[PDB]
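Worksheet for the structure shown next.
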Amino acid sequence: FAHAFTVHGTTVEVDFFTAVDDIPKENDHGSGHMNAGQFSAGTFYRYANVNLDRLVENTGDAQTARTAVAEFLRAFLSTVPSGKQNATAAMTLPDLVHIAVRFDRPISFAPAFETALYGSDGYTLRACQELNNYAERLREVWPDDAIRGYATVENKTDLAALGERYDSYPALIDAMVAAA
Amino acid sequence: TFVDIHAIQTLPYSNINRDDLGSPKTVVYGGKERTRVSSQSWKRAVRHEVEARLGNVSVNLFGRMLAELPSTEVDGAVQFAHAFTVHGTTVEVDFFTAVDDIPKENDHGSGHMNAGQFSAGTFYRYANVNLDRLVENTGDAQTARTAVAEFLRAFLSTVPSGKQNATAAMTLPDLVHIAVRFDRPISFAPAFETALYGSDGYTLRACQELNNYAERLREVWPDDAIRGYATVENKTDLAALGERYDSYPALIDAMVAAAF
Amino acid sequence: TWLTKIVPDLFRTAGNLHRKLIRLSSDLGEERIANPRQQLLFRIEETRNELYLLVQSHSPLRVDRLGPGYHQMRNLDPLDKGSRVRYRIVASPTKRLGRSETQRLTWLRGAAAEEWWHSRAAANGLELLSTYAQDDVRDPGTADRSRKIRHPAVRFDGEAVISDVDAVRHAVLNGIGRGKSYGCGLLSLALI
RNA sequence: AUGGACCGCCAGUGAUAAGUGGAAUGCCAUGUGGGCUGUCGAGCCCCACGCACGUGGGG
């Protein structure tokens, strides 16, 4: 499970909050407590591997490993760490997902975003397009028979290198797990 | 005949090797400290990978089996330089706490507080293969030929297994450059004796800087060296590194073809 | 005749203007007389960008590559004598005379251009001609496609009582002055 | 083939829970953009005509 970092450079945004006293003071009204909590936002890149040989070795039977893999991938897409979620409501679905079923070795596309994006414009389209170009260039540089496949919210681009497009995340997970 | 191979492989947030403490290994080079992945750790993964794909060439390409008694050939001929970052890198502390599942009439008395170090960067890797002695020791030029080809592919494909489950650092090199040299093996490490500055990335800049170092060394000593390189970037030409190739295994094939 | 407002895009030269006017008309005819005028006509109206242009024509035009995004077009058939109506026009006043080493070329000034013009109209429509007294073109390399020249146009304007209708209309369809294929000739009228 | 050759520091881990920056507020007072003014003879080629002064056709 890789550390999800932002595609673009982010400076830590400071929020200054003051918890208000509720009983009015007779003379001096001021905040009950005042501090500053740091927050940030951005488009994270996320990556994860599942070694089928070890998961099959651990559970023993391939059928429980199959349910474990499909359930893991769905959890990977659905869940959010819940950190001060009661104050930020950061619940969100991933903008793009790309499941590859590789046989030789797993490859993260994190080098694709080593050059930070400049900004001023929405990073989602450029991040999806950049992950596309890096996936294309790696399939040319490192040839493989890996069963690819992706699912995206944006329809502005076809993203040809990410394999066969699927209409929905569960359809993609079911197709790639059934492919493995 | 010496086949040497340079790779500029970058690694995201990871801790592939670490000290007797938790922090990763670092060279202080060019005046700027920089994280490194030690040679033996990287070599172990490559050797294990070669022996796994190949099914005594492992005592020949690699000097000797660790768990076997010396068979009069302890030298492996293969030379592995220690991988080090193109740029200077500060050690990044990651504070973490393991959570206690059973809850007392208390909240968050967390199971275990601690902090582990990690770092990320673009390591400049490098290796050498003494082809002639490998042929003289192995005997058959063909086993040697297959072994040399598979060793280069292992050098490219693999990444060490260390804290890999907490950081999926699996990655492919951005640049590989295999130069079949007859004079002597040479590492382009001094290209990075001045650590590159940041904020715009380092892959591209390290690629052309290594191109500048290859032009200069090729200029001072013109040689019959057969060269070629494959990159994940088509935006910049690096004429000094030799003819470009469409991919890594095609490149490895052309240089294995060039040695014999 | 029939009138259209059209606009070429990318116009670098005048001859290519001519050619862009003929390539959109397949069936073309030419009825000539030895000495009289040949029997489209056209006026350049805005030239720094692309080039808007008003075309008088016999054969119907339809938009081509890089043309308008639409086929304006109207077919008109012509005008009571004694009545005044708006005129308009570009022409090239000249004087041909033996040249050292023939040459097209009171008499310049704004008065023999007025003489020249009212000579052009003659018994047709009486009018006043805006006097100018000052365009370059070269071949695009195509064989048998002209060469390189200079030139000088003059625009003229107002209401022009006609004294012979069929004959001023005859002049409207034939064109007034040389170089009709290079911008000149077209006389435009409108009711007062 | 160098106190060297062969040589992994490594298996595990939520930083958590809670929170108004709030109350009040004219950028106001003053100013010509002025005098002057009709839009009235080269141009490279082909062809037809000509009283070779010059007309016209086409490019």
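The chains in the structure tokens are called A, B, ... from first to last as shown; in each chain the residues are counted from 1, and the ligands are counted from 1 in the order shown.
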
What residues in chain C get the DSSP label strand (DSSP E)? Please answer as JSON, numbers by chain. {"C": [2, 3, 4, 5, 6, 41, 42, 43, 44, 45, 46, 52, 53, 54, 55, 56, 57, 73, 74, 75, 85, 86, 89, 90, 91, 137, 138, 148, 149, 154, 155, 156, 190, 191]}

Output of the above residues as a tab-separated table (two decimals), in the first residue's frame, restricted to N, CA, C and O atoms:
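This went into selection07.tsv:
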chain	number	residue	atom	x	y	z
C	2	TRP	N	-26.86	39.01	-60.71
C	2	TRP	CA	-27.21	38.69	-59.33
C	2	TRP	C	-26.04	39.03	-58.40
C	2	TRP	O	-24.88	38.82	-58.74
C	3	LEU	N	-26.38	39.53	-57.21
C	3	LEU	CA	-25.44	40.11	-56.25
C	3	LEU	C	-25.26	39.24	-55.01
C	3	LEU	O	-26.22	38.64	-54.51
C	4	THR	N	-24.01	39.16	-54.53
C	4	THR	CA	-23.68	38.42	-53.31
C	4	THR	C	-22.62	39.17	-52.50
C	4	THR	O	-21.80	39.91	-53.06
C	5	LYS	N	-22.65	38.96	-51.18
C	5	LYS	CA	-21.60	39.43	-50.26
C	5	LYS	C	-20.78	38.22	-49.83
C	5	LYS	O	-21.30	37.33	-49.15
C	6	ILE	N	-19.50	38.20	-50.20
C	6	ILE	CA	-18.68	37.02	-49.95
C	6	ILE	C	-17.36	37.40	-49.28
C	6	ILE	O	-16.93	38.56	-49.29
C	41	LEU	N	-18.16	40.82	-62.01
C	41	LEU	CA	-17.56	42.07	-61.58
C	41	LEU	C	-17.54	42.09	-60.06
C	41	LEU	O	-18.37	41.46	-59.40
C	42	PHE	N	-16.60	42.85	-59.51
C	42	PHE	CA	-16.37	42.78	-58.07
C	42	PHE	C	-15.67	44.02	-57.53
C	42	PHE	O	-14.96	44.74	-58.24
C	43	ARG	N	-15.89	44.26	-56.23
C	43	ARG	CA	-15.40	45.42	-55.49
C	43	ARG	C	-14.81	44.98	-54.16
C	43	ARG	O	-15.48	44.28	-53.39
C	44	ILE	N	-13.58	45.41	-53.87
C	44	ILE	CA	-12.95	45.11	-52.59
C	44	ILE	C	-13.50	46.06	-51.53
C	44	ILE	O	-13.41	47.28	-51.68
C	45	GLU	N	-14.05	45.50	-50.44
C	45	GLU	CA	-14.61	46.37	-49.41
C	45	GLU	C	-13.89	46.40	-48.06
C	45	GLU	O	-13.85	47.47	-47.44
C	46	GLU	N	-13.23	45.32	-47.63
C	46	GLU	CA	-12.44	45.38	-46.39
C	46	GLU	C	-11.29	44.37	-46.55
C	46	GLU	O	-11.54	43.17	-46.62
C	52	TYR	N	-13.51	41.18	-47.11
C	52	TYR	CA	-14.90	41.18	-47.54
C	52	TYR	C	-15.00	41.85	-48.91
C	52	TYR	O	-14.34	42.87	-49.15
C	53	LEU	N	-15.92	41.34	-49.74
C	53	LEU	CA	-16.00	41.71	-51.15
C	53	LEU	C	-17.43	41.49	-51.65
C	53	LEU	O	-18.05	40.46	-51.36
C	54	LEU	N	-17.94	42.48	-52.39
C	54	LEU	CA	-19.24	42.42	-53.05
C	54	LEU	C	-19.10	41.99	-54.52
C	54	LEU	O	-18.39	42.65	-55.29
C	55	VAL	N	-19.78	40.91	-54.90
C	55	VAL	CA	-19.68	40.32	-56.24
C	55	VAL	C	-21.00	40.50	-56.98
C	55	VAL	O	-22.06	40.17	-56.45
C	56	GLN	N	-20.88	40.91	-58.24
C	56	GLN	CA	-21.98	41.01	-59.17
C	56	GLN	C	-21.66	39.75	-59.97
C	56	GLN	O	-20.48	39.38	-60.05
C	57	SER	N	-22.64	39.05	-60.55
C	57	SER	CA	-22.29	37.83	-61.26
C	57	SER	C	-23.45	37.34	-62.13
C	57	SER	O	-24.61	37.72	-61.94
C	73	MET	N	-26.77	36.04	-50.65
C	73	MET	CA	-27.03	35.98	-52.09
C	73	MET	C	-28.46	36.37	-52.44
C	73	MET	O	-29.42	35.88	-51.84
C	74	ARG	N	-28.57	37.23	-53.44
C	74	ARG	CA	-29.82	37.64	-54.06
C	74	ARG	C	-29.61	37.75	-55.55
C	74	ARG	O	-28.51	38.05	-56.02
C	75	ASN	N	-30.67	37.45	-56.28
C	75	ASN	CA	-30.65	37.56	-57.72
C	75	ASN	C	-31.47	38.80	-58.00
C	75	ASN	O	-32.56	38.96	-57.45
C	85	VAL	N	-30.32	58.12	-58.13
C	85	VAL	CA	-30.10	56.89	-57.40
C	85	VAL	C	-28.62	56.87	-57.08
C	85	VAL	O	-27.81	57.42	-57.83
C	86	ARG	N	-28.28	56.24	-55.95
C	86	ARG	CA	-26.90	56.13	-55.49
C	86	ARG	C	-26.02	55.37	-56.47
C	86	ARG	O	-26.44	54.36	-57.04
C	89	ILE	N	-18.15	53.13	-57.21
C	89	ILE	CA	-17.26	52.51	-58.19
C	89	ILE	C	-15.75	52.74	-58.06
C	89	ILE	O	-15.28	53.79	-57.64
C	90	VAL	N	-15.01	51.71	-58.47
C	90	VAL	CA	-13.56	51.72	-58.56
C	90	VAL	C	-13.14	51.46	-60.01
C	90	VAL	O	-13.73	50.61	-60.70
C	91	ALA	N	-12.19	52.27	-60.50
C	91	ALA	CA	-11.69	52.24	-61.87
C	91	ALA	C	-10.25	52.72	-61.88
C	91	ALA	O	-9.68	53.04	-60.84
C	137	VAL	N	0.83	43.59	-57.48
C	137	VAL	CA	0.48	42.20	-57.72
C	137	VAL	C	1.65	41.53	-58.42
C	137	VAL	O	2.41	42.17	-59.16
C	138	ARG	N	1.78	40.23	-58.18
C	138	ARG	CA	2.79	39.43	-58.84
C	138	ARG	C	2.20	38.05	-59.08
C	138	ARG	O	1.20	37.67	-58.48
C	148	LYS	N	3.99	40.42	-63.02
C	148	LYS	CA	4.12	41.37	-61.93
C	148	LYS	C	3.85	42.77	-62.46
C	148	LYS	O	4.32	43.13	-63.55
C	149	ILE	N	3.10	43.56	-61.70
C	149	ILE	CA	2.76	44.92	-62.11
C	149	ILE	C	2.68	45.90	-60.94
C	149	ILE	O	3.29	45.69	-59.89
C	154	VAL	N	-9.22	54.31	-58.48
C	154	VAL	CA	-9.98	55.46	-58.00
C	154	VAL	C	-11.42	55.04	-57.73
C	154	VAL	O	-12.05	54.39	-58.57
C	155	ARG	N	-11.92	55.45	-56.56
C	155	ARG	CA	-13.29	55.19	-56.15
C	155	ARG	C	-14.08	56.45	-56.46
C	155	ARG	O	-13.56	57.56	-56.38
C	156	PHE	N	-15.34	56.27	-56.82
C	156	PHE	CA	-16.24	57.39	-57.18
C	156	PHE	C	-17.65	57.20	-56.59
C	156	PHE	O	-18.07	56.06	-56.37
C	190	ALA	N	-28.45	52.50	-56.01
C	190	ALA	CA	-29.47	52.34	-54.97
C	190	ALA	C	-30.49	53.49	-55.05
C	190	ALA	O	-30.13	54.59	-55.41
C	191	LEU	N	-31.77	53.26	-54.73
C	191	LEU	CA	-32.73	54.37	-54.84
C	191	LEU	C	-32.50	55.47	-53.79
C	191	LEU	O	-32.16	55.19	-52.64

Among stretch 11-179 of chain A, which residues carry a DSSP assignment of helix (DSSP H, G or I), reported as an mmCIF file with N, CA and C atoms, in the first residue's frame?
data_model
loop_
_atom_site.group_PDB
_atom_site.id
_atom_site.type_symbol
_atom_site.label_atom_id
_atom_site.label_comp_id
_atom_site.auth_asym_id
_atom_site.auth_seq_id
_atom_site.Cartn_x
_atom_site.Cartn_y
_atom_site.Cartn_z
ATOM 1 N N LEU A 52 -1.114 -12.087 -5.760
ATOM 2 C CA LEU A 52 -2.056 -13.194 -5.749
ATOM 3 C C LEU A 52 -1.415 -14.483 -5.285
ATOM 4 N N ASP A 53 -0.151 -14.715 -5.612
ATOM 5 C CA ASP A 53 0.450 -15.954 -5.148
ATOM 6 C C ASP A 53 0.494 -16.019 -3.630
ATOM 7 N N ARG A 54 0.830 -14.922 -2.962
ATOM 8 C CA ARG A 54 0.827 -14.967 -1.505
ATOM 9 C C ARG A 54 -0.560 -14.968 -0.904
ATOM 10 N N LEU A 55 -1.528 -14.309 -1.526
ATOM 11 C CA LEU A 55 -2.853 -14.335 -0.928
ATOM 12 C C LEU A 55 -3.481 -15.708 -1.073
ATOM 13 N N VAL A 56 -3.248 -16.355 -2.208
ATOM 14 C CA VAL A 56 -3.678 -17.729 -2.397
ATOM 15 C C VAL A 56 -2.922 -18.656 -1.468
ATOM 16 N N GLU A 57 -1.654 -18.365 -1.215
ATOM 17 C CA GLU A 57 -0.908 -19.188 -0.281
ATOM 18 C C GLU A 57 -1.416 -19.018 1.142
ATOM 19 N N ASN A 58 -1.841 -17.811 1.509
ATOM 20 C CA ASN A 58 -2.305 -17.566 2.867
ATOM 21 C C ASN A 58 -3.677 -18.168 3.119
ATOM 22 N N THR A 59 -4.670 -17.804 2.312
ATOM 23 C CA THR A 59 -5.991 -18.380 2.515
ATOM 24 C C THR A 59 -6.032 -19.861 2.175
ATOM 25 N N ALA A 62 -8.355 -20.841 -3.620
ATOM 26 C CA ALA A 62 -8.438 -19.708 -4.527
ATOM 27 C C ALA A 62 -9.774 -18.983 -4.471
ATOM 28 N N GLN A 63 -10.847 -19.638 -4.040
ATOM 29 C CA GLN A 63 -12.121 -18.933 -3.963
ATOM 30 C C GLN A 63 -12.180 -17.878 -2.865
ATOM 31 N N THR A 64 -11.653 -18.159 -1.675
ATOM 32 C CA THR A 64 -11.605 -17.099 -0.677
ATOM 33 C C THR A 64 -10.609 -16.024 -1.044
ATOM 34 N N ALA A 65 -9.534 -16.381 -1.740
ATOM 35 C CA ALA A 65 -8.647 -15.337 -2.215
ATOM 36 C C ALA A 65 -9.337 -14.463 -3.241
ATOM 37 N N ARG A 66 -10.218 -15.043 -4.050
ATOM 38 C CA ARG A 66 -10.905 -14.248 -5.056
ATOM 39 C C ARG A 66 -11.826 -13.231 -4.397
ATOM 40 N N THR A 67 -12.599 -13.672 -3.404
ATOM 41 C CA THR A 67 -13.445 -12.731 -2.681
ATOM 42 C C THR A 67 -12.619 -11.707 -1.926
ATOM 43 N N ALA A 68 -11.486 -12.125 -1.374
ATOM 44 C CA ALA A 68 -10.632 -11.184 -0.664
ATOM 45 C C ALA A 68 -10.076 -10.118 -1.590
ATOM 46 N N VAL A 69 -9.705 -10.483 -2.812
ATOM 47 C CA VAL A 69 -9.151 -9.496 -3.729
ATOM 48 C C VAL A 69 -10.226 -8.536 -4.193
ATOM 49 N N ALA A 70 -11.379 -9.061 -4.604
ATOM 50 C CA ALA A 70 -12.433 -8.173 -5.073
ATOM 51 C C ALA A 70 -12.882 -7.242 -3.963
ATOM 52 N N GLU A 71 -12.996 -7.779 -2.759
ATOM 53 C CA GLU A 71 -13.379 -6.954 -1.630
ATOM 54 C C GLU A 71 -12.314 -5.926 -1.294
ATOM 55 N N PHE A 72 -11.044 -6.293 -1.408
ATOM 56 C CA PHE A 72 -9.986 -5.325 -1.170
ATOM 57 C C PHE A 72 -10.037 -4.184 -2.164
ATOM 58 N N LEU A 73 -10.168 -4.492 -3.443
ATOM 59 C CA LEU A 73 -10.182 -3.435 -4.443
ATOM 60 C C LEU A 73 -11.361 -2.498 -4.234
ATOM 61 N N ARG A 74 -12.519 -3.056 -3.903
ATOM 62 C CA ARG A 74 -13.662 -2.200 -3.629
ATOM 63 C C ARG A 74 -13.449 -1.347 -2.392
ATOM 64 N N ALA A 75 -12.826 -1.906 -1.362
ATOM 65 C CA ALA A 75 -12.512 -1.104 -0.190
ATOM 66 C C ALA A 75 -11.523 -0.010 -0.529
ATOM 67 N N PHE A 76 -10.567 -0.311 -1.399
ATOM 68 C CA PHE A 76 -9.569 0.670 -1.789
ATOM 69 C C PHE A 76 -10.224 1.864 -2.453
ATOM 70 N N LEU A 77 -11.299 1.633 -3.196
ATOM 71 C CA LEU A 77 -11.959 2.724 -3.900
ATOM 72 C C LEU A 77 -12.941 3.467 -3.013
ATOM 73 N N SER A 78 -13.639 2.748 -2.149
ATOM 74 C CA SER A 78 -14.731 3.306 -1.371
ATOM 75 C C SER A 78 -14.293 4.067 -0.130
ATOM 76 N N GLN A 85 -13.168 14.267 9.831
ATOM 77 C CA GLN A 85 -14.223 14.257 8.839
ATOM 78 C C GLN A 85 -15.458 14.946 9.349
ATOM 79 N N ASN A 86 -15.617 15.031 10.654
ATOM 80 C CA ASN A 86 -16.762 15.731 11.183
ATOM 81 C C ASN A 86 -16.613 17.226 11.055
ATOM 82 N N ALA A 87 -15.446 17.699 10.672
ATOM 83 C CA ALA A 87 -15.250 19.111 10.459
ATOM 84 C C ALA A 87 -14.917 19.456 9.022
ATOM 85 N N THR A 88 -14.711 18.472 8.153
ATOM 86 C CA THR A 88 -14.360 18.794 6.778
ATOM 87 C C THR A 88 -15.223 18.078 5.749
ATOM 88 N N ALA A 110 4.045 6.382 -9.984
ATOM 89 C CA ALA A 110 4.402 7.562 -9.216
ATOM 90 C C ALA A 110 5.465 8.423 -9.882
ATOM 91 N N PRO A 111 6.430 7.878 -10.614
ATOM 92 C CA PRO A 111 7.335 8.758 -11.351
ATOM 93 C C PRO A 111 6.629 9.657 -12.326
ATOM 94 N N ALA A 112 5.432 9.294 -12.769
ATOM 95 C CA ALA A 112 4.737 10.151 -13.710
ATOM 96 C C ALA A 112 4.475 11.514 -13.114
ATOM 97 N N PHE A 113 4.279 11.585 -11.802
ATOM 98 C CA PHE A 113 3.969 12.845 -11.148
ATOM 99 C C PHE A 113 5.128 13.362 -10.324
ATOM 100 N N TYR A 123 -6.408 20.366 -11.911
ATOM 101 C CA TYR A 123 -5.393 19.331 -12.010
ATOM 102 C C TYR A 123 -5.945 17.976 -12.399
ATOM 103 N N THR A 124 -7.251 17.760 -12.306
ATOM 104 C CA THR A 124 -7.788 16.434 -12.582
ATOM 105 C C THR A 124 -7.551 16.016 -14.024
ATOM 106 N N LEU A 125 -7.903 16.869 -14.978
ATOM 107 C CA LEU A 125 -7.756 16.480 -16.374
ATOM 108 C C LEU A 125 -6.294 16.276 -16.744
ATOM 109 N N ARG A 126 -5.414 17.134 -16.241
ATOM 110 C CA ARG A 126 -4.003 16.984 -16.547
ATOM 111 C C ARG A 126 -3.388 15.797 -15.838
ATOM 112 N N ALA A 127 -3.868 15.468 -14.644
ATOM 113 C CA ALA A 127 -3.350 14.301 -13.953
ATOM 114 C C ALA A 127 -3.777 13.018 -14.635
ATOM 115 N N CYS A 128 -5.025 12.953 -15.084
ATOM 116 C CA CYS A 128 -5.475 11.770 -15.796
ATOM 117 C C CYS A 128 -4.753 11.631 -17.124
ATOM 118 N N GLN A 129 -4.556 12.741 -17.819
ATOM 119 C CA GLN A 129 -3.878 12.683 -19.103
ATOM 120 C C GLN A 129 -2.404 12.357 -18.941
ATOM 121 N N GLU A 130 -1.799 12.807 -17.850
ATOM 122 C CA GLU A 130 -0.392 12.520 -17.616
ATOM 123 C C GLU A 130 -0.184 11.077 -17.202
ATOM 124 N N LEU A 131 -1.061 10.557 -16.351
ATOM 125 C CA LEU A 131 -1.013 9.139 -16.044
ATOM 126 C C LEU A 131 -1.244 8.312 -17.291
ATOM 127 N N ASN A 132 -2.042 8.823 -18.220
ATOM 128 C CA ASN A 132 -2.226 8.119 -19.477
ATOM 129 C C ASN A 132 -0.940 8.085 -20.281
ATOM 130 N N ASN A 133 -0.279 9.230 -20.431
ATOM 131 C CA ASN A 133 0.939 9.238 -21.226
ATOM 132 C C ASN A 133 2.022 8.382 -20.602
ATOM 133 N N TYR A 134 2.118 8.376 -19.279
ATOM 134 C CA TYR A 134 3.131 7.534 -18.664
ATOM 135 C C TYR A 134 2.784 6.061 -18.784
ATOM 136 N N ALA A 135 1.502 5.712 -18.737
ATOM 137 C CA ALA A 135 1.131 4.315 -18.929
ATOM 138 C C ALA A 135 1.422 3.859 -20.347
ATOM 139 N N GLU A 136 1.202 4.740 -21.317
ATOM 140 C CA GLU A 136 1.513 4.431 -22.702
ATOM 141 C C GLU A 136 2.997 4.240 -22.891
ATOM 142 N N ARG A 137 3.772 5.166 -22.369
ATOM 143 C CA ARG A 137 5.202 5.083 -22.549
ATOM 144 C C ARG A 137 5.795 3.881 -21.831
ATOM 145 N N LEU A 138 5.246 3.494 -20.683
ATOM 146 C CA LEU A 138 5.750 2.279 -20.059
ATOM 147 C C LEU A 138 5.334 1.018 -20.785
ATOM 148 N N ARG A 139 4.130 0.970 -21.345
ATOM 149 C CA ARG A 139 3.802 -0.230 -22.097
ATOM 150 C C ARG A 139 4.653 -0.341 -23.342
ATOM 151 N N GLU A 140 5.095 0.781 -23.900
ATOM 152 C CA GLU A 140 6.001 0.642 -25.030
ATOM 153 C C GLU A 140 7.400 0.247 -24.576
ATOM 154 N N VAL A 141 7.887 0.846 -23.492
ATOM 155 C CA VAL A 141 9.250 0.588 -23.029
ATOM 156 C C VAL A 141 9.383 -0.795 -22.404
ATOM 157 N N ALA A 160 -6.384 6.207 -24.160
ATOM 158 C CA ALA A 160 -6.333 4.935 -24.863
ATOM 159 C C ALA A 160 -5.405 3.927 -24.212
ATOM 160 N N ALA A 161 -4.333 4.382 -23.582
ATOM 161 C CA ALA A 161 -3.356 3.445 -23.052
ATOM 162 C C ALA A 161 -3.830 2.705 -21.815
ATOM 163 N N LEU A 162 -4.829 3.210 -21.105
ATOM 164 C CA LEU A 162 -5.209 2.524 -19.881
ATOM 165 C C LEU A 162 -6.066 1.294 -20.123
ATOM 166 N N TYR A 169 -17.079 1.367 -11.552
ATOM 167 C CA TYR A 169 -16.031 0.762 -10.737
ATOM 168 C C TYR A 169 -16.316 -0.692 -10.410
ATOM 169 N N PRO A 170 -17.510 -1.082 -9.971
ATOM 170 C CA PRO A 170 -17.745 -2.512 -9.749
ATOM 171 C C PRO A 170 -17.623 -3.354 -11.000
ATOM 172 N N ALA A 171 -18.016 -2.835 -12.158
ATOM 173 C CA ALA A 171 -17.817 -3.593 -13.386
ATOM 174 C C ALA A 171 -16.341 -3.778 -13.684
ATOM 175 N N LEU A 172 -15.539 -2.749 -13.431
ATOM 176 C CA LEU A 172 -14.103 -2.864 -13.642
ATOM 177 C C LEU A 172 -13.480 -3.860 -12.682
ATOM 178 N N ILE A 173 -13.849 -3.790 -11.408
ATOM 179 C CA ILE A 173 -13.281 -4.712 -10.437
ATOM 180 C C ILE A 173 -13.673 -6.135 -10.775
ATOM 181 N N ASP A 174 -14.927 -6.348 -11.147
ATOM 182 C CA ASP A 174 -15.352 -7.697 -11.474
ATOM 183 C C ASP A 174 -14.662 -8.206 -12.726
ATOM 184 N N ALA A 175 -14.401 -7.326 -13.688
ATOM 185 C CA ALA A 175 -13.753 -7.773 -14.911
ATOM 186 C C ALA A 175 -12.292 -8.106 -14.681
ATOM 187 N N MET A 176 -11.583 -7.300 -13.900
ATOM 188 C CA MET A 176 -10.169 -7.596 -13.695
ATOM 189 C C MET A 176 -9.939 -8.713 -12.698
ATOM 190 N N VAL A 177 -10.794 -8.843 -11.689
ATOM 191 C CA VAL A 177 -10.666 -9.987 -10.803
ATOM 192 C C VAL A 177 -11.034 -11.261 -11.534
ATOM 193 N N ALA A 178 -12.057 -11.209 -12.381
ATOM 194 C CA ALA A 178 -12.374 -12.389 -13.164
ATOM 195 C C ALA A 178 -11.279 -12.688 -14.168
ATOM 196 N N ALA A 179 -10.535 -11.668 -14.584
ATOM 197 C CA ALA A 179 -9.402 -11.865 -15.473
ATOM 198 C C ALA A 179 -8.187 -12.427 -14.764
#

Define the interface residues of chain D facing chain A as those within 7 Å, counting only C-alpha atoms (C1' of nucleotides), and report them as a VMD selection string. chain D and resid 19 to 21

Could you make a table, as JSON lines, of the residues of chain A that have an atom within 6 Å of an atom of chain B, each with its nearest atom pair and distance in Å to one decimal, counting only C-alpha atoms, in chain and number order?
{"residue": "A:1", "atom": "CA", "partner": "B:168", "partner_atom": "CA", "distance": 5.5}
{"residue": "A:2", "atom": "CA", "partner": "B:168", "partner_atom": "CA", "distance": 4.4}
{"residue": "A:107", "atom": "CA", "partner": "B:171", "partner_atom": "CA", "distance": 5.1}
{"residue": "A:108", "atom": "CA", "partner": "B:171", "partner_atom": "CA", "distance": 5.6}
{"residue": "A:115", "atom": "CA", "partner": "B:201", "partner_atom": "CA", "distance": 4.6}
{"residue": "A:137", "atom": "CA", "partner": "B:232", "partner_atom": "CA", "distance": 5.9}
{"residue": "A:141", "atom": "CA", "partner": "B:247", "partner_atom": "CA", "distance": 4.1}

Neighbour list for stretch 143-154 of chain A as a PyMOL selection string, cut-off 7 Å, only C-alpha atoms (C1' of nucleotides), skip fewer than 2 positions in-chain: chain A and resi 95-103+139-141+156+162-169+172

Residue B:83 proximity check over B:147, B:120, B:3, B:27, using only C-alpha atoms: winner is B:27

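Residue neighbourhood of stretch 139-141 of chain C, excluding near-sequence residues (fewer than 2 positions): residues 11, 12, 13, 14, 15, 16, 17, 18, 19, 136, 137, 143, 144, 145, 146, 147, 148 and 149 of chain C; 44 and 59 of chain D, at 12 Å, using only C-alpha atoms (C1' of nucleotides).
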
Hey, what's within 10 Å of residue B:240 if we count only C-alpha atoms (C1' of nucleotides) and toss same-chain stuff fewer than 4 positions away? As a ChimeraX atom specification, please? /B:208,210-219,227-229
